[PDB]
Amino acid sequence: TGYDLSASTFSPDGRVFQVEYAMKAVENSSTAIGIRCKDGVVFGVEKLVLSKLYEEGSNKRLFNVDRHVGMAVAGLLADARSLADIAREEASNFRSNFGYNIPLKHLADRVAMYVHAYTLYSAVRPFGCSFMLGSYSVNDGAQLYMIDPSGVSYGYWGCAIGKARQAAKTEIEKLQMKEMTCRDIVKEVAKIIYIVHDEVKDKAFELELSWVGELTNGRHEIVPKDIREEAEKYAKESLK
Amino acid sequence: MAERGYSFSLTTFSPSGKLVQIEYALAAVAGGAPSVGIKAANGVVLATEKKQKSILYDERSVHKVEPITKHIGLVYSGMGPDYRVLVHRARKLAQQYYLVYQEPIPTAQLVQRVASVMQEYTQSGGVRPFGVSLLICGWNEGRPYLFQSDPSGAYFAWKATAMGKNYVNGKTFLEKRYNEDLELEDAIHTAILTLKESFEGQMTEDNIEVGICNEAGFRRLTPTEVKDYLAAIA
Amino acid sequence: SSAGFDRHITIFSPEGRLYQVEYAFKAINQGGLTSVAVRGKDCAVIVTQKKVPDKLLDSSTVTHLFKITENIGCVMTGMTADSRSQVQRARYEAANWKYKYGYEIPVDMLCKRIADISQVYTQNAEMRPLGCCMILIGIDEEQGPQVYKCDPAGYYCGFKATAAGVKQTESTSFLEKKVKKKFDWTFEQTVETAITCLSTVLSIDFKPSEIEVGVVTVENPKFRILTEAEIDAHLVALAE
Amino acid sequence: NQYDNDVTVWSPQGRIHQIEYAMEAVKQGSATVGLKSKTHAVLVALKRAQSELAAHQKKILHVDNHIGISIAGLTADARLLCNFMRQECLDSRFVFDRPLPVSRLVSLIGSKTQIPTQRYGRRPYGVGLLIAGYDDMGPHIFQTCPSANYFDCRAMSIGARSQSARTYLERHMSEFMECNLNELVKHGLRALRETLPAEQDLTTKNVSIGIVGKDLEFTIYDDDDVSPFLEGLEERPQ
Amino acid sequence: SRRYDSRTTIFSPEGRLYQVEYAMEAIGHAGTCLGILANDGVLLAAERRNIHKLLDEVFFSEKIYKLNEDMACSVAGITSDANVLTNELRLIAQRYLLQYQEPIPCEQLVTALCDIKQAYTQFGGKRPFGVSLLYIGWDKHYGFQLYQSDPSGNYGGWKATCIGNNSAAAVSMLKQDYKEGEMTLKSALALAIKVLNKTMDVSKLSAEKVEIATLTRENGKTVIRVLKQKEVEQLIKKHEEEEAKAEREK
Amino acid sequence: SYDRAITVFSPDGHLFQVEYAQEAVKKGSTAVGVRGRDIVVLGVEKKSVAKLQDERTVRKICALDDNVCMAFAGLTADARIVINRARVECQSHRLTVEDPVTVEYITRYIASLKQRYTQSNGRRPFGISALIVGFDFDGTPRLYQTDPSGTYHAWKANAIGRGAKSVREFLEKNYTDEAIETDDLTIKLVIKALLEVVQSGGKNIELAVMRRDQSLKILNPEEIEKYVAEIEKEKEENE
Amino acid sequence: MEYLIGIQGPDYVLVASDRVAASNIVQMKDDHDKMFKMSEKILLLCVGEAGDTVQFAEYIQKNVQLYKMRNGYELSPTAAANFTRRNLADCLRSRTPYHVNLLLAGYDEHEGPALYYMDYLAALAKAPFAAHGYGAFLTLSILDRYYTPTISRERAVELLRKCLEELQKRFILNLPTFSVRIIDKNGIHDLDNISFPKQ
Amino acid sequence: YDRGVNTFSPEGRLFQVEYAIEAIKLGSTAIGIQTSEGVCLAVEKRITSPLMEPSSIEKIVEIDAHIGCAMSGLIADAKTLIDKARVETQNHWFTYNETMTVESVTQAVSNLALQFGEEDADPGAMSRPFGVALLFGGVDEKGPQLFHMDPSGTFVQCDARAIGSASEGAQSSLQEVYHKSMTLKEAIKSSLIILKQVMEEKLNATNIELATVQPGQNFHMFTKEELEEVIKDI
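Protein chains in written order, with my numbering: chain L, 1 to 240; chain Y, 241 to 474; chain R, 475 to 714; chain D, 715 to 952; chain V, 953 to 1202; chain A, 1203 to 1441; chain C, 1442 to 1640; chain S, 1641 to 1874.
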């Protein structure tokens, strides 16, 4: 120990321990999974409800960062809300400065560079969140990226973040993501989350699902309630 | 996001009264590759030993001997990146003097100004003291001038001096010679000899970098010229 | 030898050694990857190993080769986020050099400028030294093809052939013998020498998809990243 | 031990200790209860008196005509946040000539709270608030923790002995939407009664009731005004 | 960060400033600097140190500096701090000359540098300037004056004082052999050589090992002449001649 | 610049750094001040003349303004800054609200500067406690004392420095109603306190008395010796 | 408008200033003192603009007094004149310029009597006899005609009276009374005010 | 043991603010009582020696004609707080041509209480929480009112209060003595009885300062000389 106090310190082994501890907080968070379908991206978040008195939509972990981009967050919710605000702002600056909606590849890189900056200095703590950004454009096609607390942005056909990350990705790999239609993909996302929920380790959870794709006309949107519920029915039936 | 950073000096007086961090920076200069400076009556000769670890490295790309200005040159013993920061700073200072006075900077003046930058790091907060000691040479008013600036910022004018591994042996070797009546710079041979005394496997045109400041100005000797001097070196 | 926080911050130590900078070199090796560069008479070639741990990650996104400018390209070995930041800083410095001075940055100068940025990180505490090493390939008129490497410590030099990553003592020696009897390699020979050196040191005999090769030539100054099929044709030729 | 000193430092277990310590400050505080109905929102608070001669410190602070904030934590911190909330509502009225949506204010409050919990030197804010508001969407109650995580809650309780209040609010949560203002306060004061130690009882001096609704601008009813709400109460079931 | 911070200015539980005391110790290690005041003139003589054979000696006296036409100083302590202070002193003198077109009096120059030296001890979490310097000068207001400035920023107007390695021994000889109200720079120069012989462990007081500068008023111009090595040599021989005469008496 | 609090409350509730600053005053040379019916008097001790040293440079009594004068015990360097800062305020007070500076105002200003150093981040507290003696427009003589922390109390007579407690006890016991009077007797009371000072050198003690209707005058060493002779004659009378 | 005259003799400086303060057509104070005592042996008299004169004069006076308190020696008359010149000169190219015409009279133990003439532009010239104001144009020829390098103090007050009389015989401004002061080894001495109610 | 200027206890309040509460305990005891006929404010000067003039010690100050403040703990810290209160009342007069209520003045001083932070923030109020416990008492439109504040910044309205050393002992007696409608005269007498019990020294006129602000009259000047008559009554 004694080399883990600051993020401005490299361990004798050759690592920044403070960043690793931040990634541990993401691991503590409940799972959020994003899958890239043939026409768009679908994100589903397992948010366990700590208190029944919360009215729902409380601590929502799916954020509409821009008209065509949406993010699912795992980690300290407070850190995530700040990151979404940086992402919403970076997108707005692009539309004002260059005149068109930001390419998702650029938005992920610009937000990731901000996340990277915190690690370099003793003054500011490393970020505690690992959000995923997904966008659908007719010109560039569906794209999914996940940025971890280190600042690493990698494009993923399918991705998961949180305690059940390993279980979810293993279930995700079986799905044929490249050819599956987005409406079909939604039922699969519901099934993966229901299987990785843990049932008794966590209390009852509410499924939050988001749709960005040709069906949504290139606009990130929450899944319509009629499209959902039936997806929940399939997931409950599939698990049993 | 942390802006300017630490504002508290990392160098503080010891109970004895000697600054510890400056002493550690001196250790890097002693640990540095050997550098020898000899001032002959016609001109100063600066010689340093550059041994690249492998044939893969291109020796020509980086020069340990650098021209600060037409008549002023610098050789260093110690950490390489820090020497580059000082060399850029010295060139800026020399040009600023020329712009204000329309005359090339006097050799002693560049040393004081470079030394003042080195002292600033010792007193100022956050920054570690520089780990490099330089052997600046110049030819102003005809007379050749050789000076050395330590990491602390103290500057001394030396007819001959050596820094780097086996500096003490080098100083004694120069003490044996260095009559200082050498009107010609045959001290180029003596400088090659002092580096040779502490040299490792062999001395070649690639192994040694030599820069000479004369009435004409500071010119880094061509690799062919270093070979000619290395050849028939007594 | 330890005095105070000599090993905890970038301050001098007894024996005049910056322990924190030495720890940073270990960081480049921490990422499990290696890269090799060879300079031929008419061309310069950079090769890296691309490892996609899970099929879900998009192969295109996972690249350690980036284009600093149309005529200059780089291979980054080290922590990915830190390396991506050094790529942006280099891209910006080249754009400034062109705007301020009117000619594209000489590859020698780009290395010094990135190295000068790195040295300050060591000089001033509050900034971690950085854990990425960059190798730059470009064609400079009157200098032919040139390969340059910037250390985390801020050291810079010109390199006829070099490597950085997990296994570089072996790579430098294998190249050093080949450099001794090279007799000026042709473009095919330069790609072959780099691929063979990586193949032997890793002992993988890797297929075309597993590696990335980027080459700059006197005939075609623009930096080009070879397609997998183009890599395969060179890969079979060495295999024969 | 070393990790506990600063927010910037992260534990090997990846939990920020100073944030947890700031969370404790809310626990060492007077209990407050918030409930909501289809048309009105009530935020009963239990004022605590340092001395019998001393007046109870005021907990519910008016922010704007549509919003009122209860406090359960360091008072000076609440004043800094309360000043920010009054300013934010004023700017929305000045430029957009409309009441700021309550949820949008809670979002601004979190962003301000997050910046100290991250930057070196600055300390985490240590006050727990129970904002109540009416807007086009309707009545709202929002809990804010020192962690900077807001939580939109139909009912809520924060501070010492608050758990007893949460249990009562949870058991009767279904009844809240379909009830008149008097009943909504009556459930809320009953919830404060659970927080109160059994020997102590609710009195006009120790209880402050604040109500915002479709036809009611935020009003901090207190002292004699609190007495009709207190009257008609069933005897405490001790 | 606080953990990587040196207090520098914080008071000791005893109430002394630790760093300033440590800086004073550094002045003790440095070479001897001695000043003697006579009615005709004020003189500063200091001992050259690290006199290696190869040194050029082209700095016209490393220890002595001329702050103004009428004032000079010699410094014992870290050389880098001295260079910063000597440049600052020259600027303060020039700034006074522009604002009021008359030369800075002397105590004003000493106080102005002293204010800077105290400020470093006062605040900023920065290392104190570990240098102690003796100022010799002439002013219309109070004639020839001599001053000593400590690293703390406290200053004194001693007619005779030494701030070098053997200061305690030099002061004791100076107190016994300084004749108050008796001038003659020549007598003061002889006293300086005798103090130097005691302070310097090396015998013979070699001319190269010592530097002597005398400030005198001639034709209302104030001339800070520096004694040539030949002048220093004759003085050392005169001290030896007096020592020889004592041997004859024995 | 450096932005961390040098002085922070300790668990006992005491600002430790301020107590340490007071310790520096305790190590300081003794200074004695008394107020006469018309002549304010202040004196200093431990001149510690080294013969080679010049007394004018080391004087510890200064006139901030014609109306006010000050004596300091504690770190000598810190006092030079505080005295010059007061001199600026006193002249600045004349430029604004035109009029002379009341003695109480100058003591409040010196106290506020001293308090601000304790309540500022990055700066060590001043190590000087001061005796400011002056006559106001009414002509009443006023003497005040400023703590290193920054508290000012009016004092008819007081002393600060090494062995301040012994002199303070001597002053209260030896204090005479009518303030001794006759001017010479008020100076003698300080001379008796100077005899009470540990050195008891005579010439070593140096004192300066302000008429309070004119300007501060330093006692001539021979003049001080004559006053010391008056105290010696009083000792002979006591015998 | 406002009139300042200085006559300097072998060991003394005689300075006279008008005493009239006027706003618009009315004259509102007839006892105005345009002379500011910077130090015991230096006097600065300033005539210029409505507020510039008091602010500049007081700042110079307070600064000159402050130098005495800290240093312990009063500024020489010359140094004070150079110090005042610098402050006016620095402010010339500034947002608040000071339009003040000042003449400084002082006696120094070694230098002896000194009189300095300064314009609003801050050009300082040492002069044997000097004048300011529209009145100076008539009076300075009389001073030039009768001034002798060696002049007794009594002759100077008569010469001041001769010039002051012309300011009534041939001038459009009332200028009824003039304040007279002399500076010598002892210090500033206030000689009787020269007055013209008809006497 | 560096800790921090701003740091939280493992389960509790900021440590430095808690240490500041301790500093008031080492302070002169002050008793403030509010009655329908006015507010009575009393304090113990605790004069250390006969030589110091009693008048120079001030523990009661006039913030405004209708407002006065009793101070405890560190007197030097209160001077900044008192000045701010006086400026705040004066600015309310310039802007509104009306008198600030006692509560508003209390809030303005109360706001400055927690403004200390090592990084950034404001230099004038900084380094540490103010070590003082003011007891503002005044007559406003609502009626006679007395308010108590602590370094934590928590103002409260108190009908009767005791601050400083022996505050707890004084408070216990204050609860018993206080009555629903005590006349101001009864309170002035009751307070001085309590003041005598807590103070080690005798209740001499020099030792105690009592000042009262009443609806009819402005804050009175410490009941000078009339104090002896109240002392004579006990």
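For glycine and all other residues, C-beta sits at the position ideal for the given N, C-alpha and C.
- By the neighbour-count criterion, in which 16 or more other beta carbons inside 10 Å mark a residue as buried, D:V740 falls on the buried side.
- Across the structure, C:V1467 and C:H1573 are spaced so that their CA atoms are roughly 22 Å apart.
- DSSP places S:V1745 inside the alpha helix (DSSP H), whose first and last residues are 1742-1752.
- If you check the CB distance, Y:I428 and Y:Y385 do not come in under 8 Å.
- Interface criterion met: the Cβ of Y:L414 is under 8 Å from a Cβ in chain V.
- Proximity of chain L to V:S958 at the Cβ level (cut-off 7 Å) is not reached, the minimal Cβ distance being about 17 Å.
- Close partners of D:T789 in chain S (Cβ separation under 8 Å): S1792, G1793, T1794.
- Distances from the alpha-carbon of V:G967 to those of A:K1375, A:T1388, A:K1229, A:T1298 put A:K1229 closest.
- Using beta-carbon distances, R:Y497 does not count as an interface residue toward chain Y, since no partner is under 8 Å.
- Put simply, the backbone Cα of Y:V269 is about 10 Å away from that of Y:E263.
- When the Cα atoms are used, Y:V285 and D:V723 turn out to be separated by approximately 54 Å.
- For R:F479, the chain V residues whose Cβ falls inside 7 Å of its Cβ are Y956, in order along the chain.
- Measuring C-alpha to C-alpha distances from D:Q742 to each of D:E802, D:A846, D:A786 identifies D:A786 as the nearest.
- Close to Y:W398, with beta-carbon spacing below 9 Å, are these residues of chain V in chain order: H1004, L1006, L1007, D1008.
- CA-to-CA, the gap between S:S1689 and A:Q1293 works out to about 34 Å.
- Under the DSSP assignment, Y:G271 falls in the alpha helix (DSSP H) whose first and last residues are 260-271.
- In this chain, the beta strand (DSSP E) harbouring S:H1788 covers 1784-1788.
- For C:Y1500, the residues of chain A that pass the 9 Å Cβ criterion are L1297, in the order they occur in the chain.
- Note on Y:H311: 16 or more other CB atoms within 10 angstroms of its CB, so buried under the neighbour-count rule.
- Contact note: L:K236 does not reach chain D at a C-beta cutoff of 7 Å; the least C-beta distance is about 25 Å.
- The count of Cβ pairs closer than 8 Å, one atom from the stretch 1479-1487 of chain C and one from the stretch 1532-1547 of chain C, reaches three, so the stretches are in contact.
- Residue ranges of uninterrupted alpha helix (DSSP H) with 4 or more members, entirely inside the stretch 962-1021 of chain V and ordered along the chain, are 970-981.
- In this structure, DSSP gives R:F657 a state outside helix and strand, which the three-state scheme calls coil.
- Comparing alpha carbon positions, the residue from R:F486, R:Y629, R:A599 closest to Y:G245 is R:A599.
- At a cut-off of 8 Å between C-beta atoms, C:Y1514 counts as an interface residue with respect to chain V.
- Two segments are said to touch when three or more pairs of C-beta atoms, one from each, lie closer than 8 Å; by this definition the stretch 293-305 of chain Y does not touch the stretch 430-442 of chain Y.
- Taking 8 Å as the CB threshold, S:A1806 stays off the interface with chain A.
- Across the structure, L:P12 and R:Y497 are spaced so that their CA atoms are roughly 5 Å apart.
- Listed in chain order, the non-local C-beta contacts of V:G1077 below 6 Å within the same chain comprise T960, local neighbours out to five positions each way being set aside.
- The Cβ-Cβ distance between S:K1685 and S:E1849 falls below 8 Å.
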